[PDB]
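One structure is given below, encoded as structure tokens.
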Amino acid sequence: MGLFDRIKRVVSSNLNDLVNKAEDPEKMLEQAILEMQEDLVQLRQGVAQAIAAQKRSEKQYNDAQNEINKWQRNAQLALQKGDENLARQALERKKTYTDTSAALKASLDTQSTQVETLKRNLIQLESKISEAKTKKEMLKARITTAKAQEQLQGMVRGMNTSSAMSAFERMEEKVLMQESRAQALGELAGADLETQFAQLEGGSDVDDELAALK
Amino acid sequence: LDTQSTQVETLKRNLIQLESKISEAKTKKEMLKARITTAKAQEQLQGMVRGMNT
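If you read the sequences in order, they're chains A and A'. A prime marks a further copy of an entry chain. Taking the deposited numbering, I'd label the letters of the first sequence as residues 1 to 214. Taking the deposited numbering, I'd label the letters of the second sequence as residues 108 to 161.
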């Protein structure tokens, strides 16, 4: 039911956000590296197994290829007594083992191609994981810069946005009001309005003195 | 390495600017603290207007 669909999507949209809430950028990146490295270990284990299988199948081909001559040796040692049937059967078995050796050598070349194309694979993927870790470190440094950076920025007078910055602005406005009051007391008092203006400005006397001395 | 060079230079500029800001802010802090110290006693000592005690 559409009702059930929409109610389920509604319930997922809260777990999803709690999960996004308990996300920490730096700390989280660690797994993205650990698991990559572990599965890299698995992949290189497989690569090694392929290498080993080829290096093991080389055994039978080596046996058969050295045998392609050991059989001539056996045939010679047999005909040295004057028997030709034994040397002839040695030739037949040598032909059999030579066909086996040829098939195994073709298979060995094929596995050589496979292992080289598997060598290229692993080199590329190791390079990728390594460069990825380099980026991981640089970006983790980025995160560490940003985290504190956003608690510390310019002191724009028209915002607080922070603990040490909201304390500063508050005491600043407190300073301003305090000085305003301090000037207000005299501004509120005064011997006479003309006395207040004379206090503000000396008058023609000071202008004349400035002109004369100057 | 060139990309990280750009990053570290843009991170060098960041820190220089923010250090300048905190330093100038401390300068203002000191001057305003002197202001406060002036005012605190200043308001206990002013003209002797005959029409108030205060």
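Beta carbons: idealized from backbone N, C-alpha and C, even for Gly.
Exercise. Would you report the Cα separation of A:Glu-179 and A':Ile-123, rounded to the nearest angstrom?
Worked result: For A:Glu-179 and A':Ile-123, the distance between alpha carbons rounds to 33 Å.
For this session: Please compile the residues from chain A whose C-beta is within a distance smaller than 7 Å of the C-beta of A':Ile-143.
Result: Chain A residues near A':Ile-143: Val-175, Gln-178.
Exercise. Straight-line CA distance for A:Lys-174 to A:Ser-162?
Worked result: In a straight line, the C-alpha of A:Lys-174 is about 18 Å away from that of A:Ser-162.
Exercise. Is the segment 138-147 of chain A in contact with the segment 47-66 of chain A, if contact means three or more CB pairs nearer than 8 Å?
Worked result: The way I'd put it, the segment 138-147 of chain A doesn't touch the segment 47-66 of chain A; fewer than three beta-carbon pairs between them come closer than 8 Å.
Exercise. Where do the ends of the alpha helix (DSSP H) carrying A:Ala-189 lie?
Worked result: If you look at A:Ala-189, you'll find it isn't in any alpha helix (DSSP H); DSSP assigns it neither H nor E.
For this session: Indicate whether A':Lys-119 and A:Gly-154 have their beta-carbon atoms separated by less than 7 Å.
Result: With respect to the 7 Å criterion, A':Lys-119 and A:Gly-154 are not classified as neighbours on the basis of their beta carbons.
Exercise. So which residues on chain A' does A:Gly-46 lean against when the C-beta distance must stay under 8 Å?
Worked result: Neighbours of A:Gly-46 on chain A': none; closest Cβ ~33 Å, over 8 Å.
Exercise. What is the residue span of the alpha helix (DSSP H) that A:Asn-16 lies within?
Worked result: Taken as a continuous stretch (DSSP letters only), the alpha helix (DSSP H) holding A:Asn-16 covers 2-21.
For this session: Verify whether the separation of the beta carbon atoms of A:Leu-15 and A:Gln-60 is less than 7 Å.
Result: The beta carbons of A:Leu-15 and A:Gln-60 sit no closer together than 7 Å.
Problem set entry | Cβ-based burial, A':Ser-112 [other Cβ within 10 Å; buried from 16] | Here A':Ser-112 is exposed, its C-beta having fewer than 16 other C-beta atoms within 10 Å.
For this session: Measure the C-alpha to C-alpha separation of A:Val-115 and A:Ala-132 and round it to an integer number of angstroms.
Result: A straight line joining the alpha-carbon of A:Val-115 with that of A:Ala-132 spans about 25 Å.
Problem set entry | Span separating the alpha-carbon of A:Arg-56 from that of A:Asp-99 | Those two C-alpha atoms are separated by around 19 Å.
Problem set entry | Spatial distance of A:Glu-169 from A:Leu-176 (CA atoms) | Spanning the two alpha carbons is a distance of roughly 11 Å.
Problem set entry | Cβ-Cβ distance between A:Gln-65 and A:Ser-107 below 7 Å | Contact flag unset, no.
Exercise. Is A:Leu-43 near the ligand SAH, with its Cβ less than 6 Å from a heavy atom?
Worked result: Ligands in the displayed structure: none, and consequently the ligand SAH is not present.
Exercise. Would you say A:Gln-183 and A:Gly-190 are within 7 Å of each other, going by their C-beta atoms?
Worked result: Taking 7 Å as the Cβ cut-off, A:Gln-183 and A:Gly-190 do not qualify as a contacting pair.
For this session: Check the Cβ-Cβ distances between A':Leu-139 and every residue of chain A, and say whether any is below 7 Å.
Result: When Cβ-Cβ separations below 7 Å define contact, A':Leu-139 makes contact with chain A.
Problem set entry | Proximal chain A residues relative to A':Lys-128, where beta-carbon distance stays under 7 Å | Within 7 Å Cβ-Cβ: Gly-154, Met-155.
For this session: Give the single residue among A:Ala-164, A:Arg-6, A:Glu-23, A:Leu-213 whose Cα lies nearest to the Cα of A:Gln-151.
Result: Cα-wise, what sits closest to A:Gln-151 is A:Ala-164.
Problem set entry | Neighbouring residues, chain A, relative to A':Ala-146 (Cβ below 7 Å) | Within chain A, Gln-178, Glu-179, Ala-182 have C-beta atoms less than 7 Å from the C-beta of A':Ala-146, given in sequence order.
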